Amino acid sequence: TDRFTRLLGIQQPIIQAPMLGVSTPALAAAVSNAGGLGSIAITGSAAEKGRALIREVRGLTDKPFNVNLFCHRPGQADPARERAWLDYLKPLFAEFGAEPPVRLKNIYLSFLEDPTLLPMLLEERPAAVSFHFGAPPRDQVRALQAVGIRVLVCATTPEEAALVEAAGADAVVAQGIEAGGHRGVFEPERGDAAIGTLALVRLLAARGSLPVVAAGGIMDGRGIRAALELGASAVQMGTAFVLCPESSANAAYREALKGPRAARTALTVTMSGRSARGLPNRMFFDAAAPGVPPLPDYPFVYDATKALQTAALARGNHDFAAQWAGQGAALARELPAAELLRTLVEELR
C-alpha cells in the first residue's frame, strides 16, 4: 500500500519509534534520510528546547520526521501518598549511601497542561506530530493539520482508536501488547485489554477506515510483511533501533539487550507509575504486595525512580535502569540505523 508513504511524503512505510531517552536527532535523521520516518520525543523539555531539538533534526535531514508528545491526563500531586512512597523506597536509597528526594515533581508535562507546546509546533511545522497516552481536542489537531502537519495518535484498543478518529488524526498507531516501553492505554484505571499486535491491527484495519500503523514485536521484513497482510499501512519499530550507534542507549542498556536477558520482557507500573514493558530488574516489583503503599500518580513515580537510578548509578549499579524492550527483543540486531532501515526494506522485498 502507498497509503501511508504518500500521506507523509516518504519512500518507506517504516517509522523508527520516538523513544524518550533513547531516540536522538542523529537516529531520526538517519532513518529519515534512509527513506523511512525517523522520530524524536520532546516531552519533559521546555518548549524552546523542544524547538531546538527539532531544528537539530532539520540540520541533519531535509526529509520528513516525526515529533512525539505525551498527552496523558495531567498528574495529580499527592504529597502524602508521595511521602509514603519515598519512605518505602528508603532502604533502596540507603543501599547506595543515599537518601530519597524530599519532594517529587511532575517531570513530564502533558500536552494538555503545557499551553506553550502547540504554538511552538505550529511554528516549526514538522512533517508529523504524534501523541501518546491520549488524543488532543479536535480543534488542536485541526490547527496542526491546517499548517500541513500530519497527526498520529497511539491507540491500544478499538475503543481508543474511535477516540483517535473523533480527534481527527491522519493515522492511528496500533500498539499491541508486544510493544516495548510505556503502553498507550488512555485510562489505565479502567484496566487494560492488553490486545496483541496481530489481533489489534486486524481489528483496526478491517473495521476502521483510518490508515493503521502497526507497533509491537516487529523486528524484521517478515514482521513488516505480516503487518501489511493484516491491513496495516505502515509499521512503527522501537526495540529494533535501540542497538543502533545513533541512539542514546547507554552501555549497560546495550549489553542487556544484546545478552540473554532479552529472551524475557515484563510489564511494570512501579518504575514510572504507568504500565511499561522492559527487561525485568529490581524496579519490577509487585505493587499489590504486602507493605507496598498506594502508588503515586504518573509521572511523580518516575521522578522517585529516576532519583534512585541516579544513586544506583553513582555506585556502578544498573539494576534499576529503565531498559525498555518489546517481546521481539531476542531478534535485536546492531547496525547503523540507515543500514538497518535498508536491510528491512530489502527483507520487506
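Note that residue numbering begins at 1 and tracks the sequence as displayed.
Taking the recorded C-alpha temperature factors, which stretch has the higher mean, 35-43 or 303-311?
-> Higher mean C-alpha B-factor: 35-43.
Greater mean Cα temperature factor according to the PDB record, 155-163 or 96-104 = According to the PDB entry, the answer is 96-104.
Between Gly316, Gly291, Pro280, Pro296, which one tops the list for C-alpha B-factor in the PDB entry?
-> Each of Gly316, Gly291, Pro280, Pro296 was compared by C-alpha B-factor; the highest is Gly291.
From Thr268, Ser233, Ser247, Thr197, can you pick the one with the highest C-alpha B factor in the entry?
-> That would be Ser247.
Quick one: classify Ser110 as lowest, middle or highest third of the chain based on its Cα B-factor.
-> Lowest third.
In terms of the CA temperature factor given in the entry, to which third of its chain does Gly326 belong: lowest, middle or highest?
-> It falls in the bottom third of the chain.
Assigned third (lowest, middle, highest) for the C-alpha B factor of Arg125 | Highest third.
Quick one: classify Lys258 as lowest, middle or highest third of the chain based on its Cα B-factor.
-> Top third by C-alpha B-factor.
Consider only the C-alpha atoms of the modelled residues in this chain, order them by B-factor as the entry records it, and name the third containing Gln145: lowest, middle or highest.
-> According to the entry, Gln145 has a C-alpha B-factor in the chain's middle third.
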